[PDB]
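Peer 1: Based on what follows, work out the 3D shape:
(one chain, ligands or ions: 2)
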Amino acid sequence: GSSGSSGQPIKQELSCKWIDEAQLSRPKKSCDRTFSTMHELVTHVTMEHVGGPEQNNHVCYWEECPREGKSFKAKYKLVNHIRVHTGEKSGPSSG
Ligand SMILES: [Zn+2]
Ligand SMILES: [Zn+2]
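Peer 2: Numbering: from 1, shown residues only. Ligands and ions are numbered 1, 2, ... in the order given. For reference, the structure is listed below:
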């Protein structure tokens with residue numbers, strides 16, 4: 001019974017400011033990407049970057065990161081700190 005055209009509000013671009021290290025291209029440029037959901041971004045730097053348990057060396061790469069490289073002692077511990085950058089929520093059971 002409703003009458004009227006809809007028009008969802010524009011979407012934002014979370015983007016992934018993940019400046020890898022030694023990346024094929026140079027100088028060390030930002031990962032480069034465009035997401036719409038906060039879940040994607042957080043899920044991006046997770047596997048896309050941090051990768052799964054089959055990755056070699058896990059470091060938090062970002063344009064404005066405190067560790068500016070300083071890795072962690074555990075794989076998860078990484079994705080946990082990454083959140084602070086992605087802008088999403090915190091990590092479950094933080095050690
Ligand atoms: Zn990325
Ligand atoms: Zn960081």
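
Peer 1: Identify the single longest helix in this structure, thanks.
Peer 2: As assigned by DSSP state H, the longest helix anywhere in the chain is helix 75-86.

Peer 1: ok now it, how far from the chain's centre?
Peer 2: 8 Å (CA atoms, centre = their mean, to the nearest Å).

Peer 1: Likewise for stretch 16-34?
Peer 2: Stretch 16-34 sits 12 Å away from the centroid of its parent chain (CA atoms, centre = their mean).

Peer 1: check whether that stretch contacts ligand 2.
Peer 2: No: Stretch 16-34 is not in contact with ligand 2 by CB under 5 Å from the ion; minimum separation 10.0 Å. Yep, even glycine has a C-beta here, placed from its N, CA and C like the rest.

Peer 1: Report the buried residues of that stretch.
Peer 2: By neighbour count with 16 or more other CB atoms under 10 Å, stretch 16-34 contains the buried residues 16, 17, 18, 19, 31, 33.

Peer 1: ok, which stretches of this protein are helices?
Peer 2: With helices called from DSSP H, the chain shows them at 38-44, 75-86.

Peer 1: so does the last one get close to ligand 1?
Peer 2: No: figure legend: helix 75-86 not in contact with ligand 1 (CB under 5 Å from the ion); closest approach 10.1 Å.
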